[PDB]
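J.: fold the following for me, if possible:
(15 chains, ligands or ions: 13)
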Amino acid sequence: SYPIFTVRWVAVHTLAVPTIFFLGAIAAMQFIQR
Amino acid sequence: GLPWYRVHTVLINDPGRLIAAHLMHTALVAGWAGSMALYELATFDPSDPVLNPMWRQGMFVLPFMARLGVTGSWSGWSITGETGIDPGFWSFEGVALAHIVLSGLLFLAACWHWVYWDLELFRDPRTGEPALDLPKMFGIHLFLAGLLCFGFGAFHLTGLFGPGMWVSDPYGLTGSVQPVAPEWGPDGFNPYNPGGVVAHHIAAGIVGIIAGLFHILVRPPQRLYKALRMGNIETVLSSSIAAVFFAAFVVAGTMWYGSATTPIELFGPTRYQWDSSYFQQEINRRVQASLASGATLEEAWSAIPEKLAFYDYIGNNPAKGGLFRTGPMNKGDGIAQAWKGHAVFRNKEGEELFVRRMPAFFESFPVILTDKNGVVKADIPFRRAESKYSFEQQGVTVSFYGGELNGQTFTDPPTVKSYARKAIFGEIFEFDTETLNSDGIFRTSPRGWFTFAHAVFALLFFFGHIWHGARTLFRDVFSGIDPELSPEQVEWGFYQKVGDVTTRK
Amino acid sequence: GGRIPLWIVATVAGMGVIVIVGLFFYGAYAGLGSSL
Amino acid sequence: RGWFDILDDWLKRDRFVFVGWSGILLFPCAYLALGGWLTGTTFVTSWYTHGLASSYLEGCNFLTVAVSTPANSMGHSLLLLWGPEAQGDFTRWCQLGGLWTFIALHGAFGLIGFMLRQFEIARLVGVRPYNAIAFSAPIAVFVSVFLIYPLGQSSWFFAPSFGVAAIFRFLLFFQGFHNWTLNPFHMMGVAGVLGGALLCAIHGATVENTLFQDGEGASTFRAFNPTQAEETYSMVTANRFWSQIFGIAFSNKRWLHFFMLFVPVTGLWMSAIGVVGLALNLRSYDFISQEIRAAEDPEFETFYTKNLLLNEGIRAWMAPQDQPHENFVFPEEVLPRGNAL
Amino acid sequence: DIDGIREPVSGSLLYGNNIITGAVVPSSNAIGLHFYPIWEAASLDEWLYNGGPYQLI
Amino acid sequence: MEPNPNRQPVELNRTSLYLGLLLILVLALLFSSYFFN
Amino acid sequence: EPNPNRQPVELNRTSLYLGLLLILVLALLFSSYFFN
Amino acid sequence: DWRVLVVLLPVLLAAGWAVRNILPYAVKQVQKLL
Amino acid sequence: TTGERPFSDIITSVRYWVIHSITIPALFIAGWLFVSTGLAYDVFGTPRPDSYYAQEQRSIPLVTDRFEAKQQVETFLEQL
Amino acid sequence: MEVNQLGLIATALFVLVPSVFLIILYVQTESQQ
Amino acid sequence: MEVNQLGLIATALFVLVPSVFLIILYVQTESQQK
Amino acid sequence: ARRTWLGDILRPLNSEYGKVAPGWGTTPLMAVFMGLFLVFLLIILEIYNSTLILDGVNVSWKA
Amino acid sequence: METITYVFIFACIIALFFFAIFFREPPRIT
Amino acid sequence: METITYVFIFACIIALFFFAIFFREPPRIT
Amino acid sequence: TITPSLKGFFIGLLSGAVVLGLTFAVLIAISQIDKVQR
Ligand code: CLA
Ligand code: CLA
Ligand code: CLA
Ligand SMILES: CC1=C(/C=C/C(C)=C/C=C/C(C)=C/C=C/C=C(C)/C=C/C=C(C)/C=C/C2=C(C)CCCC2(C)C)C(C)(C)CCC1
Ligand SMILES: CC1=C(/C=C/C(C)=C/C=C/C(C)=C/C=C/C=C(C)/C=C/C=C(C)/C=C/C2=C(C)CCCC2(C)C)C(C)(C)CCC1
Ligand SMILES: CCCCCCCCCCCCO[C@@H]1O[C@H](CO)[C@@H](O[C@H]2O[C@H](CO)[C@@H](O)[C@H](O)[C@H]2O)[C@H](O)[C@H]1O
Ligand SMILES: CCCCCCCCCCCCO[C@@H]1O[C@H](CO)[C@@H](O[C@H]2O[C@H](CO)[C@@H](O)[C@H](O)[C@H]2O)[C@H](O)[C@H]1O
Ligand SMILES: CCCCCCCS[C@@H]1O[C@H](CO)[C@@H](O)[C@H](O)[C@H]1O
Ligand SMILES: CCCCCCCS[C@@H]1O[C@H](CO)[C@@H](O)[C@H](O)[C@H]1O
Ligand SMILES: CCCCCCCS[C@@H]1O[C@H](CO)[C@@H](O)[C@H](O)[C@H]1O
Ligand SMILES: [Ca+2]
Ligand SMILES: [Fe+2]
Ligand SMILES: [Mg+2]
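T.: Numbers count the residues shown, from 1 in each chain, chains lettered A, B, ... in the order given. Ligands and ions are numbered 1, 2, ... in the order given. Here you go:
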């Protein structure tokens, strides 16, 4: 019966959540043309 | 035995010999001050505060004596160029002698405290062990520091009982020692308002007096006594070193940017005055006002003080030196003799052209001349075969207004080019390069050398703070960790709270 | 609890990284930053 | 116990990521500095401060993105978002270089927090805090290069910009303008870094090749137990090998490992001192005796005089675009060039 | 004459260098990758002018 | 004068001598060029 | 095997003071001629 | 700006589905501490 | 050994992937749209490819005034 | 070469002063019982 | 005064070399067992 | 140890080694003064930096 | 003078190598 | 530099006088 | 009077106090709920 929301959980998501968002942004950029 | 880097730890448990060592250190520092002032007096030329002031001559302690009111010599001169002044005892020479005598007295007291180290005063009456009550010592010393700080501001800086301090106009032309009233409004926190310096020492001194009395009368809380190890003299070394590197960074910063306590007639101009053409703008303002009042061009420029023109010259910029280019600025470009006057360049069409000045970043710089709109009009080419803007092709001449060369015009291209090369440094001066065998390479001023040493020392003292703070808080493990160190204290999961045996799961 | 084998997660996650980094290298040759 | 001690308990719980009192300073500042860098290099331009593109959004790649310094006209402004330059406007703040001071200052306090963490953890597990002490070298480098150096120069503009190619430009600027390779404090830095790398390699290789056979496997990693009392490699054999190969060898393991701290840490500290000098243009730029001889004797040439000619080219060819506030126009004819090139 | 253009570069202490500027200078560009031992030179003076010591070292 | 109980002998072993002389001599070999300038 | 001809060496404090006096006074005497 | 609602709605729809499948275990963890 | 659930446990469970098969793609698409709608340009003030220069201007809009730099960029932008 | 006239004394004392400091300490270590 | 430039190093070494010789001998005398 | 006239006069000033006030004592008051001092340093830094600009305070040689 | 100084320091270092190798404090297993 | 040298040696001699008198090896009857 | 940058100074000062205040209130609250067992 492990807890779910821990310090580790927060630390993981402060990094993981923006990373996926940014990777979607940079993916979109590969189709921008001047 | 003790390794070489620990020999001085024998003083940790010996208050009397620690005082002896501190006395000896104080004797050496005061002795350095006295010897340094004597060496500067044996080499300082006082005959020209306009073009050969102290900061051109590598003077380091002379500006500090002058800053607080010591401006005269027993031999009759003053640093503002006066003759036949009577300074009383407190000339540069008297200050030096006093420091030498102090050094000797401190040396003798050090001998006494080294021999008679075992004074009852240094023993805890209860245990008979060596003991210093550092919290109460702090209060005593802070109270004394507060009194002295207050007295310095209230009597010396005000001139109420003392000479005052060095103050000057915004262009460092008419500096002198003056009484200064405290500034109690928000402009007191302006680093360029000297009245804020007076207000600081009055207000901080009173605060130091009050805090001193507090620290004499109130014991530290047990929580703070234990956490900072107030029974351990090395805690005081740690935080004192911290305070000292803070102070050292501050004096490095105020030396480099300038303030009411780092005036340009004592330490030289700042690099930012070159960056912003501070003196050039004021020179140009005065010339234009003269012309507006009907002056000829020669009269307008002849009205510019040589001292003001000399500040508008990159050889006085403290950011033009070199780490191993030693000595006074005079050793580089020479001993300045006279302003040559303002060079005005023109092409064959008669348009006025302006030499692009050298930024401090550049050891060398090309010669490029523009019109008033920044359009390139002439230069000194490197490759010749496709030159279009050479002085020969453009018929460039130079005329001088003010100074030695006032009223003269040069048309010979090599001569015009030589003046243009000097114009990248700003206003043009004649130098004596023979007296010192000057080498023609720029050196920094006392402002630069002061800033370098104190930023470097400040950074090194950060390490000292880290080291002794570590020694204080980890004294129990200075020789190593516990041989029976419980593996459960370092492995995960045994204790809920790290390093707390009472939280075992 | 353990229903999805760790080796499949590693393989799929790894392939995802290759795809996204491959896309970034493709973009070095097309659109902005391509010098064209 | 009171609320402070209750708070102390929770801060120092043994968890996956230790927090501690130092974590209150470390984690926000580290996160903002890193987040600021990723945000800026992903989305933010340097057009208004440098005339440069610097983000993925504009077409840069990992090597050329940066969070660039503010314009030279900002001076040494803290460039606070609520300050007098941006006046609370987040978009303007980014265009003005506000992310540069954001990263530098949060990074500085983050580094303080990290070293406090090293002290705090060492104190809790009961070890001497040499790791924290060794970390003063990274801190001396960061503070001298990203804070003291620009503070001595005209503005933050001349600090390093936070990017791969931006840092390379910083190296080349220092060669051309400061002759930084000639500086004996940089040379000591090189010795400490290259000597550190050497000690790292040679110590690891020596341990791995004087191991005792403590198991039957041909892969030897499993034949170690952290709690074991015995040395896992033979110091005596290691000492004889190096004594016979090189002439000298370690014999004291405590000295060896202290020396491994000392060499790179001292090297970085020395390089920091040199950079403090370069903050004031107090360079080791020239050897005066060389210049006197070379000026009078046009057949005298050394590698020292050759490198200054390279420096003069760097300055002339890079300054107009690298220092746009200066509005340099250098007509072709003034550019220093050798034959043909 | 490192670059083979009769422009000899001084490397040694006795010829005006200090520890920082001094060097043993690479052999002449006129030699290229040719093997230039002492016995290929007409004299030690030629060998030195052309950067012979560099190849030997 | 009663003997001061805080005194301690001082040591420098041969290896520390060799290490110190190397540091000093190599520092001098490095900085001497800048002293001559 | 250890060399049996070794002996310790001594210089007492008075000899130190006497020697330093000799050296310093000789230097004070000869320095003018070294500077010339 | 519509573009903020278009960009935040994907992220907002994700935070709703994750609390929905963690609610039987988030309140369970919450009631244990208190 | 600190009491949190092991990561290998978490990322091999069905419930984790039920959640993150929604949340991870949703974040990715939100980041995509942040760019593709052009919103990233206006949040951070980054020039679009047609917005570095006016059609005939040959001068970079470098900021030259510390305290009116804000208005300077505004003027530089209205010139486009 | 026109070198700095103080370079020689600077280099000489830079070597000699700390070197003799170490030799003094080494020799009195050897002479201890 | 145009003094001999080697006068300084000559005097310095004249003082320091024999003085240091004596200091070495004195200190290693004091440190011998008593 | 050696008693002296001056030592006897100063003896009480070096007599309370290790004496403390109970618990946290004046720590809260100390923290207030530390906070005010931090704000003070922040004010003088931002004035020097031209981040904080006040009426009648011209941070230049021209004042 | 400079050349003599540079070669002197170098020669001292080489001498130091000789003593540090052949007249080292011998490693002893205790 | 010559004056500094002369005054330095003199000062060292005066310092030696001080140590030779007050820090002498004390004469002892055995 | 109160210049714009002094108003900005107050905004920054208040913003920092809020961030620190909220941070410690949250930590203190959490520490009181989830105490270590002794
Ligand atoms: C705060 C310290 C300080 C500062 C800022 C000054 C500033 C100045 N001095 Mg003064 N001086 C000082 C202390 C200082 N002095 C001391 C302590 C003495 C007694 C020695 C003197 C005696 C003195 C004399 C006799 C003269 C000066 C002169 C001057 C002027 C020129 C300085 C110069 O050329 O430096 C040059 C600086 C250097 C070459 C930098 C040296 C860097 C060192 C060598 C690096 C060492 C590194 C180390 C070995 C590495 C260790 C590594 C290890 C940890 C692993 C300048 C105004 C000159 C002047 O013009 O007088 C009118 C002059 O003639 N000073
Ligand atoms: C107020 C300043 C101050 C004081 C009183 C002390 C005092 C002490 N230090 Mg600390 N320290 C300081 C600042 C200070 N330190 C700074 C700024 C640093 C960074 C450089 C350090 C780094 C440091 C380390 C790494 C260690 C100490 C140690 C010690 C203890 C033994 C010192 C010793 O025996 O040296 C004996 C020194 C010699 C025999 C010769 C030193 C020669 C120097 C390096 C070259 C020339 C110095 C020159 C004369 C200095 C001029 C003054 C300068 C400020 C301009 C002693 C308590 C030691 C300790 O903790 O022991 C338990 C120790 O290991 N200190
Ligand atoms: C402990 C973590 C921490 C630390 C040390 C910093 C430090 C810093 N931040 Mg960062 N930040 C943090 C967390 C942190 N931040 C968090 C969690 C966020 C997200 C909200 C941010 C978002 C952020 C932004 C957007 C910016 C900063 C900026 C800064 C810099 C200027 C801050 C300042 O002037 O405050 C001043 C305030 C104080 C020092 C607080 C004083 C508290 C005292 C001790 C008590 C007094 C209270 C007072 C009486 C209240 C009265 C108000 C009333 C009179 C009006 C400084 C480097 C600025 C920057 O980097 O510019 C380049 C900037 O623009 N931070
Ligand atoms: C006894 C007596 C007396 C006398 C006295 C005297 C005479 C004194 C003197 C004193 C002195 C005369 C002193 C001096 C001092 C000095 C010093 C102390 C210095 C130091 C230095 C240093 C430390 C340096 C360092 C360095 C270098 C070298 C290089 C560069 C870097 C540096 C800076 C680091 C009388 C009569 C009063 C009476 C009473 C008794
Ligand atoms: C600034 C700012 C802020 C903040 C923000 C933040 C905090 C952010 C974060 C952000 C983030 C947090 C982001 C992230 C991102 C990430 C990414 C973008 C990544 C990528 C990666 C990659 C790409 C990878 C690569 C690689 C490597 C590295 C190695 C090998 C493998 C591979 C190749 C794959 C605030 C609001 C406070 C305020 C205002 C300002
Ligand atoms: C020009 C540059 C010169 C700079 C260097 C000059 C300073 C050198 C100072 C060295 C001082 C040595 O200090 C010396 O310490 C040793 C121990 O180490 C003491 O020796 C003492 O301890 C040992 C214990 O083993 C006993 O055997 C000995 O009988 C006892 O007197 C000496 O009484 C003391 O004279
Ligand atoms: C530029 C200046 C250079 C000047 C260099 C000066 C050279 C001076 C060399 C002095 C050598 C002294 O030599 C030293 O003698 C002492 C005794 O006196 C020896 O000491 C030996 O005798 C004593 C007493 O019996 C024992 O305590 C000791 O255990 C034993 O080893 C040392 O092992 C040796 O190192
Ligand atoms: C150790 C030698 C002491 C020499 C003392 C000479 C005193 S001289 C005396 O001193 C005063 C100083 O302020 C002057 O005001 C006064 O006019 C002056 O004549
Ligand atoms: C040959 C052209 C006219 C004379 C030179 C014009 C520049 S002016 C010249 O500059 C020298 C440094 O080079 C100074 O030393 C000297 O005092 C000054 O006369
Ligand atoms: C975060 C700064 C630390 C300042 C600590 C001051 C605590 S104040 C202190 O607090 C105790 C509970 O912790 C109480 O027992 C007591 O009533 C109170 O005086
Ligand atoms: Ca000459
Ligand atoms: Fe190891
Ligand atoms: Mg692309």
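J.: who in chain L is up against chain O?
T.: If contact is defined as Cβ under 8 Å from any Cβ of the partner chain, the residues of chain L in contact with chain O are L:39, L:42-43, L:46, L:51-55. Where you see a C-beta, it was placed from the backbone N, CA and C, and this is true even at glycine.
J.: where do the helices of the chain begin and end?
T.: Answering for chain A, as no chain was given. Along chain A, counting by DSSP state H, helices occupy A:7-29.
J.: actually, chain J is the one I wanted.
T.: J:7-30.
J.: show me which residues of it sit near chain K.
T.: Checking chain J against chain K by Cβ under 8 Å from any Cβ, the hits are J:5, J:8-9, J:12-13, J:16, J:20, J:23-24, J:27-33.
J.: just the buried ones from those residues?
T.: Buried residues within the residues of chain J next to chain K, counting neighbours by 16 or more other Cβ atoms under 10 Å in any protein chain shown: J:8-9, J:12, J:16, J:20, J:23-24, J:27-29, J:31.
J.: how much space between residue E:44 and chain H?
T.: Going from residue E:44 to chain H by Cβ to the nearest Cβ, to the nearest Å gives 79 Å.
J.: do the same with residue B:41
T.: Counting by Cβ to the nearest Cβ - residue B:41 and chain H are separated by 73 Å.
J.: other SSEs contacting the helix or strand containing that residue?
T.: Under the criterion of DSSP states H and E, residue B:41 resides in helix B:15-43. On a contact count with 3 or more Cβ pairs under 8 Å, 6 or more residues apart in numbering or on different chains; DSSP states H and E, helix B:15-43 meets helix B:62-67, helix B:92-115.
J.: close to ligand 8, is the longest one?
T.: No. Taking Cβ under 6 Å from any ligand atom as the criterion, helix B:92-115 and ligand 8 are apart, separated by no less than 6.7 Å.
J.: helices or strands up against that helix?
T.: helix B:15-43, helix B:62-67.
J.: does that helix reach ligand 1?
T.: No. Contact of helix B:92-115 with ligand 1 (Cβ under 6 Å from any ligand atom) is absent, the minimum separation being 13.7 Å.
J.: run the chain-centre distance for the helix or strand following that helix.
T.: Per DSSP H and E, the first helix or strand lying C-terminal to helix B:92-115 is helix B:134-151. Between the centre of helix B:134-151 and the centre of its host chain there is 26 Å, according to Cα atoms, centre = their mean, to the nearest Å.
J.: list the buried residues in helix B:134-151.
T.: B:134-140, B:142-143, B:145-146, B:149-151.
J.: repeat for stretch B:205-216
T.: Buried residues in stretch B:205-216 (16+ other Cβ under 10 Å): B:205-206, B:208-209, B:211-212, B:215-216.
J.: as TSV, the residues you listed with distance to ligand 2 and secondary structure would be great.
T.: Supplementary listing: those in TSV, determined by distance: Cβ to the nearest ligand atom, whole Å; DSSP: H, G, I helix; E, B strand; the rest coil:
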residue	distance to ligand 2	secondary structure
B:205	24	helix
B:206	28	helix
B:208	21	helix
B:209	25	helix
B:211	22	helix
B:212	22	helix
B:215	21	helix
B:216	24	helix
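J.: which one of the residues of chain L next to chain O is nearest residue D:43?
T.: residue L:51 (25.6 Å; Cβ to Cβ).
J.: make sure the closest one is indeed in a helix.
T.: No. Residue L:51 is assigned coil when assessed by DSSP: H, G, I helix; E, B strand; the rest coil, not a helix.
J.: residues in contact with it?
T.: By Cβ atoms under 8 Å, 6 or more residues apart in numbering or on different chains, the contact list for residue L:51 reads D:77-78, D:80, D:83-84, L:45, O:5, O:9.
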